[PDB]
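**Q** Structure below; questions to follow.
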Amino acid sequence: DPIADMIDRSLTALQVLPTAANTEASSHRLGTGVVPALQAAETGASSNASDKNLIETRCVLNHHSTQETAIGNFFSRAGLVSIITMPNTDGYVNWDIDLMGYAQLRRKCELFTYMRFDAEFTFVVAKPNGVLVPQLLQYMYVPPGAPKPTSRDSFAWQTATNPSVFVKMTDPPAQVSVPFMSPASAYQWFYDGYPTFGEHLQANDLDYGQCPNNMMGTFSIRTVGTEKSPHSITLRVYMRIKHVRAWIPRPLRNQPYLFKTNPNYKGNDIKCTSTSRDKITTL
Amino acid sequence: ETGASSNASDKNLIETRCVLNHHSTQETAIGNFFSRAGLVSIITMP
Amino acid sequence: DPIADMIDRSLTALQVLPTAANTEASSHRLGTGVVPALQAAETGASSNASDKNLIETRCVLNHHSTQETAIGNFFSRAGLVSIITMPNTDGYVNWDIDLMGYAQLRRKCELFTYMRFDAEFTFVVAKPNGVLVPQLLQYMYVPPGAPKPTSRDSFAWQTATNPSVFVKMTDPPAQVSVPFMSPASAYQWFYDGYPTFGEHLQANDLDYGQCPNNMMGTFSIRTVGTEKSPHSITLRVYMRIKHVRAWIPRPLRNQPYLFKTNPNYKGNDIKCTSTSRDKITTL
Amino acid sequence: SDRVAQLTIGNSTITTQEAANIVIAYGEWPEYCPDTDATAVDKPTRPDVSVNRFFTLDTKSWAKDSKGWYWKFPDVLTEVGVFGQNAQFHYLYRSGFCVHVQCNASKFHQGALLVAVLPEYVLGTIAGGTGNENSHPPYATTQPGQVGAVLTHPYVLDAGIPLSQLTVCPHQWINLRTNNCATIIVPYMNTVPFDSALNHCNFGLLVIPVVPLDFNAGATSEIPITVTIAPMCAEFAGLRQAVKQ
Amino acid sequence: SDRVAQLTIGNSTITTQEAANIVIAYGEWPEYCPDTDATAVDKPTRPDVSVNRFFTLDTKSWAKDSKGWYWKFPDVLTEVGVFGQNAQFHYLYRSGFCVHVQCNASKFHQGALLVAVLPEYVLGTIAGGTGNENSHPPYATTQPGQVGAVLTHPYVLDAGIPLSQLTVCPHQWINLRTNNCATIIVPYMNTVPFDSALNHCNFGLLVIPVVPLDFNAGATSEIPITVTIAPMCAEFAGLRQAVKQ
Ligand SMILES: CCCCCCCCCCCCC/C=C/[C@H](O)[C@H](N)CO
Ligand SMILES: CCCCCCCCCCCCC/C=C/[C@H](O)[C@H](N)CO
Numbered sequence: 567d568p569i570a571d572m573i574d583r584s585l586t587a588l589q590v591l592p593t594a595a596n597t598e599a600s601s602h603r604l605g606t607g608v609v610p611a612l613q614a615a616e617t618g619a620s621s622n623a624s625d626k627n628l629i630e631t632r633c634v635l636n637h638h639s640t641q642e643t644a645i646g647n648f649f650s651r652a653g654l655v656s657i658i659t660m661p667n668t669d670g671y672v673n674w675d676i677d678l679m680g681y682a683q684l685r686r687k688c689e690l691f692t693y694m695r696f697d698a699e700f701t702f703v704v705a706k707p708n709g710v711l712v713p714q715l716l717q718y719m720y721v722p723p724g725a726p727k728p729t730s731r732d733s734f735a736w737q738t739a740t741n742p743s744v745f746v747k748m749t750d751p752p753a754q755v756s757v758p759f760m761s762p763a764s765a766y767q768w769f770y771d772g773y774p775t776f777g778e779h780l781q782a783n784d785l786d787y788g789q790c791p792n793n794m795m796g797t798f799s800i801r802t803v804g805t806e807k808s809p810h811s812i813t814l815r816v817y818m819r820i821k822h823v824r825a826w827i828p829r830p831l832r833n834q835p836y837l838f839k840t841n842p843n844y845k846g847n848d849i850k851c852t853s854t855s856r857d858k859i860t861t862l
Numbered sequence: 616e617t618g619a620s621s622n623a624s625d626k627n628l629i630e631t632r633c634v635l636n637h638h639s640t641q642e643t644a645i646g647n648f649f650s651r652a653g654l655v656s657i658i659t660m661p
Numbered sequence: 567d568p569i570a571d572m573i574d583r584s585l586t587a588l589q590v591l592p593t594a595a596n597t598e599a600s601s602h603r604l605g606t607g608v609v610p611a612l613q614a615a616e617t618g619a620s621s622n623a624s625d626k627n628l629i630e631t632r633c634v635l636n637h638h639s640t641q642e643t644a645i646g647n648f649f650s651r652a653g654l655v656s657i658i659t660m661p667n668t669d670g671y672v673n674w675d676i677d678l679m680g681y682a683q684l685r686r687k688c689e690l691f692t693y694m695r696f697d698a699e700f701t702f703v704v705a706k707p708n709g710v711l712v713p714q715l716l717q718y719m720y721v722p723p724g725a726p727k728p729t730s731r732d733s734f735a736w737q738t739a740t741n742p743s744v745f746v747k748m749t750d751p752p753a754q755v756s757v758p759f760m761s762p763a764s765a766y767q768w769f770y771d772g773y774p775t776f777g778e779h780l781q782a783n784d785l786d787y788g789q790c791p792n793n794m795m796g797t798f799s800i801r802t803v804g805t806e807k808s809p810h811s812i813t814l815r816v817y818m819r820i821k822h823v824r825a826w827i828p829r830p831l832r833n834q835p836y837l838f839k840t841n842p843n844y845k846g847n848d849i850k851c852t853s854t855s856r857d858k859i860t861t862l
Numbered sequence: 079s080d081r082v083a084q085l086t087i088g089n090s091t092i093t094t095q096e097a098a099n100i101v102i103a104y105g106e107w108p109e110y111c112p113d114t115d116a117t118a119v120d121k122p123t124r125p126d127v128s129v130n131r132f133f134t135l136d137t138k139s140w141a142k143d144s145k146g147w148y149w150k151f152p153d154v155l156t157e158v159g160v161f162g163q164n165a166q167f168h169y170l171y172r173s174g175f176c177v178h179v180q181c182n183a184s185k186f187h188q189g190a191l192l193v194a195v196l197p198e199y200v201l202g203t204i205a206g207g208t209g210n211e212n213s214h215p216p217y218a219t220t221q222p223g224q225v226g227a228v229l230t231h232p233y234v235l236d237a238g239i240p241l242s243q244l245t246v247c248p249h250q251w252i253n254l255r256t257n258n259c260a261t262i263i264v265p266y267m268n269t270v271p272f273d274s275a276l277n278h279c280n281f282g283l284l285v286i287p288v289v290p291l292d293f294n295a296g297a298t299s300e301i302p303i304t305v306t307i308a309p310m311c312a313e314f315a316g317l318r319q320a321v322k323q
Numbered sequence: 079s080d081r082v083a084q085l086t087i088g089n090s091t092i093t094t095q096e097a098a099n100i101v102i103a104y105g106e107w108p109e110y111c112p113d114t115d116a117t118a119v120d121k122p123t124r125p126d127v128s129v130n131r132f133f134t135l136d137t138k139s140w141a142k143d144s145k146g147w148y149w150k151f152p153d154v155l156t157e158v159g160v161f162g163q164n165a166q167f168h169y170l171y172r173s174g175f176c177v178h179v180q181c182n183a184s185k186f187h188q189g190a191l192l193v194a195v196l197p198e199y200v201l202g203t204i205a206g207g208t209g210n211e212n213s214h215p216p217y218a219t220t221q222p223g224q225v226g227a228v229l230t231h232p233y234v235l236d237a238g239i240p241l242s243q244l245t246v247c248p249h250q251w252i253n254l255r256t257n258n259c260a261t262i263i264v265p266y267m268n269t270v271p272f273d274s275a276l277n278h279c280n281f282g283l284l285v286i287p288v289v290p291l292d293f294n295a296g297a298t299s300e301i302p303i304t305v306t307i308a309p310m311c312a313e314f315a316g317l318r319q320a321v322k323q
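Residue numbers (full-length UniProt numbering), protein chains in the order written: chain A, 567 to 574, 583 to 661, 667 to 862; chain B, 616 to 661; chain C, 567 to 574, 583 to 661, 667 to 862; chain D, 79 to 323; chain E, 79 to 323.
So, in structure tokens, the structure goes:
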């Protein structure tokens, strides 16, 4: 050892809690020095005063389960993400995969920062007035980089490699399972920065917040036949979320959304978070 | 010239650290590469 | 060991050689492959061919000692370094300590780069024609930073701290011993660079090559009395070198010196290193 | 006996006599990247003294009607020191941080500051006022550098989320009657083990005055705020010539 | 079987097929400074990847009547790379070196180069021609940078010592009929364990053509020379703001 210079802690570990914690009995107390009612919120720690340190309590054994508050049961519900119509007029549509088009699922997923999950997609398809007509349809998923079909009878519809479903209108709705497919370790709904290098100007200002680890290609449907079908079609896509793991919670949004790609809000009507009242003394 | 490919790795040219990777080679097998239904014929009865 | 990356030779050692190496006997040799006569000087190593590998030799036990070639015996000889005269006219001189004023000792010390030694100084003093007159003298060594005497009767001559010798002209010559006193670990006779920071210009170009680890202050002599002595004095200083250690040899200088502080030479008469002859075939 | 504190790292030392406790964000210390999570093959470089030290940014002025300020990390340190040089000559970095905010006043003033570290702070616009424009923030707003920018609508944090529940992030308070400093230790939080320092900004630091500063006339009406930060376990990889942005 | 060689350090690799052996100057490997010889008390910094790599300087042109060139160390590397930054932000450095000179020609040319490393190469003037002027070399001559300067009187090496005994220093030959490269490994040689990099220059590297380059007309008359160097065990201490010179 010629150089004496070169030779040279987690805080809390998790545990299972099936039920809510019980309440133990207590009595009155008269003493000096010990005080649980006085805290200091300046340190950023929340208070640890229970019920028994302020009043006298009895003994209550509660068996209230905390199962419904887990993240698995909170997210595993199918929600609407897309409405796709074929009046587009040539019997096919190419829809870019973006799951931020409807505000009810966007608010729940933006509660966390990083998320890692597997999905399950379901397609419910009918006419624009709910009417049913026997008709053959084809769905095709196109990964990013793959060629896309430009016509109703292109060579991309041969599906030699692409996953695809053939389903009729009179059938039960189709269901598929999709694994976690990002190049990174988790999806993120917020990306503070620019994706590319080089100079950032007013022509390239729309790049701010677009992370390529979330762009998953496109999605294409068509009527199967080579001619023009005489019916209008409308597709609704529902997505469930399975095997959820989340990280780094955030405040929830209280302003209404404006676009799918940026958190811009309306600058004139800033909505106050609570409903206002008249006086501070009268409820 | 001998028709053999080179056997030089990364560690023989630069200095490297230790990296344990768990990247699977399942998708590159010939069974998963070919077991996908593709179109072979269009037959019409006018 | 969470990181497997963080956990992670001298060539020849010296030996004593009192005498020169002997010569062992040999015979003729006829063979292929083995060849000591062919070398390659391109690698920068000198050849290792002895006498016995080229001709046939007898056995010779020699007892030639290598004592005179040691660095201790090569340097421990007193040489002249200074001539100091008092015609200056006020009975005192202040001479700055610089040991590069006479070329015979400058050539020997510039053979090595770094040197570390203790000295021994001797002062031989007489009139400018060798005549002797009874007279009292005082030598005083002034370290760098100390005040210097400006007159024959200044307050610096009280020598409350300074080392000093009082000696007469009729006496045997004085002798002192001086230890190794540099701030660095060894004296150096070459310093490639500037001593100070900041901008280097044509006004500060004379700083190049002046290392402050070799400036050792000044040296002052005087006649003791408060009046004007009627005799001219001449001092000669001789320095021996003891306990020598040297490092990193150099080529020797073949051009005559010009100044005490820089290796400048005359640019018109560049002296050829060897004495020239007429023809290459006739010695 | 815990009101005094001293933090030393590198060749710098911060002392305080009226201090709150130390906040470790999500209870994790910053550390070097282990081999099980690494993906780069090149051997990383660790300067480990010249970048693990306290760097002091500029000083803002707290008025009686101030809105609030924000700094983007590690954009604040990318042009200063040797950390400004290693982040210009490399492609990947990875480091924790340690934020320390000082603001002191006498016993006759009053006010309250809410300091908070917020990861992935994506800013937005007011969308042209009426809400029909797809506006975007310019480069001077999103990455201000070591100066820092002010807030316009602090009630919505210029990102559509309300101030009222910002304390779910790691945070502290600077109440002018008890203490004068706040300190947070942040580990490295990202989906990838290394990232670029010129195109990605990990978190934002927000200093918002909840209770306004008030005093009687005659006191020192100049209340400054000074932020001091320090990287913890900085590593770098992927050497290439200098590119500033 | 020893005519081929490969040197790798950092993220760089030098290969040669007609090479002489490797010269270790005075038989000592470069190493970090031990505690018995240290005098500074601050903990040193070791970048240890970003500065221990091969750096390539510019390329000179060997003509039929060239004199010779010299480079001062480590003045050649003080404005390039991260080693150019750590030598500007610190007060003390300490490092070894590894010099590699390439010059290649065909089997129909002839010539011989003498490479040599000379420590404490103090230049001089011609003292005004007649020898009465106390002239001094300017700053552009003594520290040329990464370009390097040419010699004027190579027989006396512009320092008063003859060329005829320059081989007492560590040295090699580049003879155009056998090899095409030369390589020396130099340890750190100074009286003090650390030194400034902007006011001190340790050694000089000299490339002097002893035998002139000769060929028949029609061959490639453009013979270049390229020097490549690499620090070995670089340490730094004493951090201060950037001062270039
Ligand atoms: C036959 C199956 C076809 C269905 C293919 C679905 C694969 C695409 C799944 C994407 C998983 C979510 C990825 C990113 C979601 C959001 O759109 C982005 N974060 C937008 O910010
Ligand atoms: C009473 C004793 C008085 C004598 C005092 C002698 C002390 C000075 C000894 C100096 C030792 C050599 C130091 C440097 C020598 C050369 O002058 C410099 N290297 C000039 O380059």
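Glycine included, C-beta positions come from ideal geometry on N, C-alpha and C.
Give the residues from the segment 736-766 of chain A that approach chain B closer than 9 Å (Cβ to any Cβ), ordered along the chain.
**A** Of all residues in the segment 736-766 of chain A, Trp736, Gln737, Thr738, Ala739, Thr740, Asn741, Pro742, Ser743 have a Cβ within less than 9 Å of some Cβ in chain B.
**Q** What does B/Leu654 reach in chain A if we use C-beta pairs closer than 9 Å?
**A** Simply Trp736, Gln737, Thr738, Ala739.
**Q** Count the other CB atoms within 10 Å of the CB of C/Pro762; is the residue buried (16 or more) or exposed (fewer)?
**A** C/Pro762 is exposed by the Cβ-count criterion.
**Q** Tell me whether A/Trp768 counts as near ligand 1, meaning its Cβ is closer than 7 Å to at least one heavy atom of that ligand.
**A** At least one heavy atom of ligand 1 is nearer than 7 Å to the Cβ of A/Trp768, so yes.
**Q** Does the beta carbon of A/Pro568 sit closer than 8 Å to a beta carbon anywhere in chain E?
**A** Yes - at least one Cβ of chain E is within 8 Å of the one on A/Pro568.
**Q** Can you give the beta carbon distance from D/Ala205 to D/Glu211, rounded, assuming they're within the 8 Å contact cut?
**A** With a Cβ gap of about 5 Å, D/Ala205 and D/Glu211 count as contacting.
**Q** Bridge partners of E/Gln180, per DSSP?
**A** E/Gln180 is bridged to E/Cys259, E/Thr304.
**Q** Could you name the residues of the segment 127-159 of chain E whose beta carbon sits closer than 7 Å to any beta carbon of chain D, in the order they occur along the chain?
**A** Of all residues in the segment 127-159 of chain E, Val127, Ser128 have a Cβ within less than 7 Å of some Cβ in chain D.
**Q** Could you work out which residue in A/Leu862, A/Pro835, A/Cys851 is closest to D/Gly209 when comparing CA atoms only?
**A** With distances taken between Cα atoms, D/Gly209 lies closest to A/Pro835.
**Q** Is the beta carbon of D/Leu85 within less than 7 Å of some heavy atom of ligand 2?
**A** Because no heavy atom of ligand 2 lies under 7 Å away, the Cβ of D/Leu85 does not count as near it: no.
**Q** Consult DSSP for A/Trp768 and reduce its assignment to one of helix, strand or coil.
**A** Residue state, collapsed to three classes: coil.
**Q** For the segment 192-212 of chain E, which residues have a CB atom closer than 7 Å to at least one CB atom of chain C, in sequence order?
**A** If the cut-off is 7 Å between Cβ atoms, the segment 192-212 of chain E has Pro197, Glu198, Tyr199, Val200, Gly202, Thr203, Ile204, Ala205, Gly207, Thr208, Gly209, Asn212 near chain C.
**Q** At the 8 Å Cβ level, is C/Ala615 part of the contact set with chain E, yes or no?
**A** Taking Cβ atoms only, chain E reaches closer than 8 Å to C/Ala615, which makes this a yes.
**Q** Would you kindly work out how many angstroms separate the C-alpha atoms of D/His249 and D/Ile262, rounded to a whole number?
**A** Using only the alpha carbons, I get a separation of about 7 Å.
**Q** So for E/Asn164, helix, strand or coil by DSSP?
**A** It is helical.
**Q** Quick one: list the residues of chain E neighbouring A/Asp571, beta-carbon separation under 9 Å, in chain order.
**A** Those within 9 Å of A/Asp571 in chain E are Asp113, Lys121, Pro122.
**Q** Using the Cα positions of C/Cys633 and C/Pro830, report the straight-line distance between them to the nearest angstrom.
**A** Each residue's Cα considered, the two are about 36 Å apart.
**Q** If we ignore side chains and look at the alpha-carbon of each, how far apart do A/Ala765 and A/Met694 end up?
**A** A/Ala765 and A/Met694: Cα-Cα distance of roughly 6 Å.
**Q** Taking D/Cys279 as the query, report the chain A residues whose CB atoms sit under 7 Å from its CB, ordered along the chain.
**A** The answer, in chain order, is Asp771, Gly772.
**Q** Residues in the same chain with beta-carbon distance under 7 Å from E/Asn257, minus the five sequence neighbours each way, listed in chain order, please.
**A** Taken in chain order, the residues that qualify are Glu96, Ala97, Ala98.
**Q** Got a sec? Which residues, its chain only, sit under 6 Å from D/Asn182 by beta carbon, not counting five neighbours each side?
**A** Once the five neighbours on either side are set aside, the close Cβ partners of D/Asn182 are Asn258.
**Q** Would DSSP call C/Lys821 helix, strand or coil?
**A** In this structure, C/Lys821 counts as strand in the three-state DSSP scheme.
**Q** C/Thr813 and C/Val704: beta carbons closer than 8 Å?
**A** Their beta carbons are under 8 Å apart, which means C/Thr813 touches C/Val704 by this criterion.
**Q** Should B/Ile645 be flagged as near chain E, meaning a C-beta pair shorter than 8 Å?
**A** It does not; no Cβ of chain E falls within 8 Å.
**Q** Return the CA-CA distance between A/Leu654 and A/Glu689, expressed in angstroms with no decimal places.
**A** Taking the straight line from one Cα to the other gives about 16 Å.
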